[PDB]
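Heads up, the thing below is written out as structure tokens.
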Amino acid sequence: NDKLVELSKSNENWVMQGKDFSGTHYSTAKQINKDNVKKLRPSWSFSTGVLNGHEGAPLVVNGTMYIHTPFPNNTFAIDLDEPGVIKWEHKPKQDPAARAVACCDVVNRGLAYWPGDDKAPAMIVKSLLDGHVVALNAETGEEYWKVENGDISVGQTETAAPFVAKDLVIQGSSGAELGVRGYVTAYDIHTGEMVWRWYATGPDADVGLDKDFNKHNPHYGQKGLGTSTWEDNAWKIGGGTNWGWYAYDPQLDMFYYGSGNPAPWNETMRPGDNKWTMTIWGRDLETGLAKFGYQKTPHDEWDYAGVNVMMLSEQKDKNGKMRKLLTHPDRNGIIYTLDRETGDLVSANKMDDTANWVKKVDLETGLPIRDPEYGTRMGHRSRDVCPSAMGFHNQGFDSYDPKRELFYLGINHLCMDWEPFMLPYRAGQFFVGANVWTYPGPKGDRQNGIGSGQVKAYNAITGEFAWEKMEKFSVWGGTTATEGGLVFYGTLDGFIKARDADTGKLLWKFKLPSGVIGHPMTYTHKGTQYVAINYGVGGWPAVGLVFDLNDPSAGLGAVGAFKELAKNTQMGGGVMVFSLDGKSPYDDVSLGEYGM
Amino acid sequence: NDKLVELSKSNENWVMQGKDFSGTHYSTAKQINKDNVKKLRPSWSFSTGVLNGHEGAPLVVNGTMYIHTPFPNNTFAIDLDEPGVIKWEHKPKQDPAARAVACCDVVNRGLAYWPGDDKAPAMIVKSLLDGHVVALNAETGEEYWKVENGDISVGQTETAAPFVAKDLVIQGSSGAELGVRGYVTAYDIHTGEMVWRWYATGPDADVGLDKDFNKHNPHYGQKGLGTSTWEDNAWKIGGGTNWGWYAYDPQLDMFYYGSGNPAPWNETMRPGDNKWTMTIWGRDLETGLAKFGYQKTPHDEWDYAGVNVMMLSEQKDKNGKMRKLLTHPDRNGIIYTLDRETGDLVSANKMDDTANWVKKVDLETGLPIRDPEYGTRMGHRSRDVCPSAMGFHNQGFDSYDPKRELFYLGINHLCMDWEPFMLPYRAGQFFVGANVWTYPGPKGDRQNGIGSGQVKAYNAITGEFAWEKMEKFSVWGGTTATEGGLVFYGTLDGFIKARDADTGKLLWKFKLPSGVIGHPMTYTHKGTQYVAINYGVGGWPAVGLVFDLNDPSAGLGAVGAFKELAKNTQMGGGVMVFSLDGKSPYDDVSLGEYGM
Amino acid sequence: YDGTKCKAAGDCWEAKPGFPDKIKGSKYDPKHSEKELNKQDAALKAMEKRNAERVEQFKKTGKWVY
Amino acid sequence: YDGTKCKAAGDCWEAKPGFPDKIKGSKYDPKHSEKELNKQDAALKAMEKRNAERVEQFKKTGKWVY
Ligand SMILES: O=C(O)c1cc(C(=O)O)c2c(n1)C(=O)C(=O)c1cc(C(=O)O)[nH]c1-2
Ligand SMILES: O=C(O)c1cc(C(=O)O)c2c(n1)C(=O)C(=O)c1cc(C(=O)O)[nH]c1-2
Ligand SMILES: [Mg+2]
Ligand SMILES: [Mg+2]
């Protein structure tokens, strides 16, 4: 979308979850910098009126902040000139049964925005847990259309943010833990019409392959593999849902995202590479056809759901050639960098060297060389496998400073024991088939339940870390970087923090009401730079607190890794907004006062 | 309690809901004052993990903050040296059926603290909605005892804060809207033993009268009136619950509180003065026996439940004589000032002159002269009655500046239509019997649903207001005053505000996450003055928002008066803490950082 | 009825125009069930008995058993 | 099974030692119901049809009717 491209250039706006189509989360605003970030204080705040995890972050455009919540997925709009007034709200009516088929808390990763044209005014686009995608008039909040994009009776939900590019709304899928076959769908914003829909497994007619699919890398595999790497019809319930993030290159007119884990978690019930789960896609926008597809984790044994963030950059490779790239920190603990036109593998490095399911990724063959000692299988309990199923990286939307050429990665340091079990598939029921016990990795403090996070600054070409910092808990919510030399992120124990972009030194932090599982965002309004963040702990790490669980293997293995969270945070739900010296519209005390 | 008296002298402590036994809510701390209050911004924050209304405020004693919540009434302790760590928690198990017999949201007005002696350690004391009173070890949070003080099956609940004086825990009662006969009970903190229990209606044997009851004012009434001002056994379900506040004079060894409304709201079903509902009590502490009782509202026709705050002072009367006083802003719109030794009526002035059920209170006869034009009765729709049942003052704990000799009153400007109807009594079911429509009063903006609050500064001897200020919504949560010349309060539309104590000029305000229905509190820690407040809107004014109601007469008449609240706030639940420049323990960024 | 006419100290109630001094037998008779009226006293007495038992045991053992 | 031995481009799966090349008829046979397997696709096809009807009516009337 040409207008989104232009809007994203302005510091007045944050028009999509990733800030820009490249997913940089990079702000050129410098008002807040290394020398004054300690003066950052809350300007104003807003409670969402719901609890459970608050992922994603607000959008800001046209001088309005747009805020989403977890189930029932309410939307609020706020005029930034008077933040205490709710300009409009949208409160969906949903079957509460939708809660029961969400594996990992009733989270939602946020709104999208389409700027309007001469046939339709600007729209806010939201997803609902019960499977719907809804387009709302951005100014008024009134429904423009509502389409069905998932049926909870067969285990489908939606938690991902919709993604707008040109005049399409693209929505992914959730429910691999219930045997849902992944599907990605585009709707025309003007008419609500379905433009295409493509699947992660099955016949090529279902998967949507361009005639030149993987032409530059035929060894990745090409035709027929969506069935031939499965036994009989197991692909029909084969997972590969895409519930994370997208990137988009307007010049190539291609979008990029990863498909998720195969189902069930029990690897013995699905022999074969299980393509095209766990795959990095480069798809043509208008037709949705795949130009390349690289499978990161053939025959997944670990639930390394391949849905994580895509960050686009242009850098010179080791041969001195300028390359258009994507960089992608996977659940499996490898940071993938590919040429985003050809799909060529440029680098594939461990985000932490304790990762042990794979020895290395061979860049020539493109294959991860497995260490059988850390695989999983029926009849065996695998121990001290790194990463955990929760990943060395999960859904957090990270950042890339294009001047420093550094990616700022919010990382989990988590490992696990794992043992599969046999089970039947019944539509609408869970279909996991493994018992899991997750805990802090070797560099942390497993006996004390802490040291399960890291923040690292990474160069995708050299593979080196500019700096590495340990965190008390997994850094779940992503990161945002600015030309002020700052990297912002929130923590599960309830802080927003800023580190020095060059050294990683901790410069500032503030105790929010609840832990953070979304990313910071920033915007400038009437000359003042603001930093805002969701708070309200939840998602996978906090299922123990949120659902009152105690068994260490409960919450798909999360509960035993995060028992100490409840000593540092409780549930919550809201937005906190920060500025230098807490400068605020309400510094004019007459603003909003009765009778003016 | 001698130790509580001593602890309350220090600015490091806030040891009871009223700050001190006189209920002054007055701080001598001057770090924050009228000329630097604009520098106040959040220091740190804490989500309670629950929604609905958050009444009362935290306590602070010997370096620890104690925090309570609405149902299910969880307790948190936090060491102020590291506010992000929860030192201990207490999470009661209660029948959720308790929610259904709460008339006016599942609020709780807070903790009490008993400072310990050689037989038992210091204790935190809490009430539960389901009627229990619980004593917890203050250091560890472990249960010391738990007694039954109400049975939800007959309509009893508990929302009031327990009150500690000497070694007694005193607890009130709730449920007049379900025909509960009011009872007040004392328990020994060491043993859990019930020391006395006295009722608001019935034979004198139940009410607990000293032989000298109303000796100085026999025209108030003395013996037998708990039955003789009722017809037959209607007093058995006659209301008079006490769910508000107490004050205590250690020298007189007397405590003071008001009893609530008679049941049902239908006045025609209970002919008679209905004593001793609606009564100001002065009772001996150790025996509970009443030394005086003044009925403010004989034969209530309006639900002016007489439970509001008591504030003690010593001032010269109009004749120049020093008097020991209590001052009490009633739901019925009259501010009562009595001699707290004799019970003598000193002044009884309208807190706003639009009050019209009463022409004036005759100080000689003690009687409110009724205007029959604004009474209620079967077969009649009463119109434009002021105050509303919600009162010109409700449960907010206000403040008194003893140097300025001014009471800072958080007031509601609300009037009503009212029409009773006949109904039967069934134990455990509601027993209201009136349809009610509340709206902003004449000085506000009825047609736009706003102008329903006031803040006024009041001298109890002259009856003069030093200043009067309008507020968009009813000021529900009380006020706190300091020798920095500041009056703090929170508002239903989600602000904490500071006004000039001398002029009422608005000096500062900050947008909290949710509306406020509890009072500000303050304390000093390691040389820094902090102001803290609960947020999380609810209680009677916000039942429309909290329970999704739209009929104007719903929520006992409140819904039609507060429809605009939802445009300014959503639900929430937490504590926000403020200091000059947001100074915080986490200014040391290493505090609480891994490792480890 | 303006509240200023008192048949005794503390008793100034009067019927409003057209209303009876007593409502028993009138159209306003609440006809309360006397056994319903007694239920909250019974409930309170039961709780008092249970608390007292807890208190006696507490004095003996030093640990509260609800 | 180290992932490096490939049957064809994009197909490098091997059974682990002790495990069969195919699990049908084995202890690990999932014995999936084809009827259950097809339910997802049925649900999505139904939603596509209902969406299409909404789209057609939207084009006709200019206001979305769910
Ligand atoms: O398999 C799926 O389709 C699906 C959905 C989700 C989701 O929809 O939130 C998660 C996962 N998988 C998953 O594997 C996972 O680790 C995870 C973490 C979270 C979270 O937001 O904290 N959601 C999900
Ligand atoms: O009659 C009663 O016993 C009882 C209880 C309460 C309560 O327990 O919260 C209120 C009332 N009455 C009442 O009349 C009232 O206006 C009221 C307001 C509130 C509130 O906290 O917002 N509680 C109560
Ligand atoms: Mg998954
Ligand atoms: Mg009442």
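Below, read A as the first sequence line, B as the second, and so on, with proteins coming before strands; counting in each chain starts at 1. Indexing begins at 1, ligand by ligand and atom by atom, following the structure's order. The basis for the numbers below is simple: all heavy atoms, side chains too, and nothing from hydrogens, waters or symmetry mates.
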Do [X] side-chain atoms and [Y] backbone N/O form a donor-acceptor pair below 3.5 Å?
X	Y	value
B:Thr297	B:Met278	no
B:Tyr304	B:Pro387	yes
A:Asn394	A:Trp476	no
A:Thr241	A:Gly239	no
A:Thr376	A:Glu301	yes

Q | Under 4.0 Å to a heavy atom of B:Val107 - the qualifying atoms of ligand 2, by number | A | 21 (O)
Q. In ligand 2, which numbered atoms sit nearer than 4.0 Å to a non-hydrogen atom of B:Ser174?
A.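 Within the 4.0 Å cut-off of B:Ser174, ligand 2 contributes 3 (O), 5 (C), 7 (C), 8 (O).
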Q | Pair B:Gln395, B:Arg109: side-chain N/O donor-acceptor within cut-off below 3.5 Å | A | yes
Q: Measure up the A:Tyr199 and A:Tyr183 rings against each other and bin them: parallel (under 30°), tilted (30 to 60°), perpendicular (over 60°).
A: tilted
How close does the nearest protein non-hydrogen atom get to [atom], and which residue and atom is it?
atom	answer
atom 3 (O) of ligand 2	B:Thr241 OG1, 2.6 Å
atom 18 (C) of ligand 2	B:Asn394 OD1, 3.4 Å
atom 20 (C) of ligand 2	B:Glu55 OE2, 3.3 Å
atom 1 (O) of ligand 2	B:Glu177 OE1, 2.7 Å
atom 19 (C) of ligand 2	B:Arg109 NH2, 3.8 Å

(Q) Heavy atoms only, cut-off 4.0 Å: how does B:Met390 contact ligand 2, side chain, backbone, both, or neither? (A) neither
Q: Could you see which bit of B:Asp303 sits under 4.0 Å from ligand 2, with heavy atoms only: side chain, backbone, both or neither?
A: side chain
Considering non-hydrogen atoms only, spot the tightest contact between [X] and [Y] and give its length.
X	Y	result
A:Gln171	A:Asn149	CG-ND2, 3.7 Å
A:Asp130	A:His132	OD1-ND1, 2.7 Å
A:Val559	A:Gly544	CG2-CA, 4.0 Å

Which of the atoms of ligand 1 are close to [X], meaning less than 4.0 Å from one of its heavy atoms?
X	result
A:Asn261	1 (O)
A:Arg331	13 (C), 14 (O), 15 (C), 16 (O)
A:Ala176	1 (O), 2 (C), 3 (O)
A:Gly175	2 (C), 3 (O)

Q.
Check this for me - ligand 1, A:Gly539, N or O atoms closer than 3.5 angstrom, yes or no?
A.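 Such a contact does not occur with ligand 1.
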Q. Does any N/O atom on A:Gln395 come nearer than 3.5 Å to any N/O atom on ligand 1?
A. no
Q: At a cut-off of 2.8 Å, list the protein N/O/S atoms near the Mg ion (ligand 4), residue plus atom name.
A: B:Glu177 OE1, B:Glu177 OE2, B:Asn261 OD1
Q: From atom 15 (C) of ligand 2, work out which of B:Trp476, B:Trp265, B:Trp243 has a heavy atom at the shortest distance.
A: B:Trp243
Q: Check each of B:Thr159, B:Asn308, B:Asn108 against atom 8 (O) of ligand 2 and report the one with the nearest heavy atom.
A: B:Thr159
Q. With A:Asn73, which of A:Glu158, A:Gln94, A:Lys126 fulfils side-chain hydrogen bond (donor to acceptor under 3.5 Å, both in side chains)?
A. A:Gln94
Q: Identify the residue among B:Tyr246, B:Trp245, B:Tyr489 that makes a ring pair (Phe, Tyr, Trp, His ring centres under 6.0 Å) with B:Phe397.
A: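 With B:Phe397 as partner, ring pair (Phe, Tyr, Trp, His ring centres under 6.0 Å) holds for just one option, B:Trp245.
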Q: Mind checking the CG-CG spacing from A:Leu492 to A:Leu565? Nearest 0.5 Å is all I need.
A: 5.5 Å
**Q.** Chi angles and distances behind the side chain to side chain donor-acceptor pair (under 3.5 Å) call for D:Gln40, A:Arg181
**A.** CA-CA 8 Å; D:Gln40 274 174 74; A:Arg181 173 170 72 141; 5.7 Å; no
Q: Apply side chain to side chain contact (heavy atoms under 4.5 Å, CB included) to B:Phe562 and B:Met390, showing your working.
A: CA-CA 12 Å; B:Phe562 287 100; B:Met390 300 183 79; 3.8 Å; yes
Q) Applying a strict 4.0 Å limit to heavy atoms, is B:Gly260 in contact with ligand 2? A) no
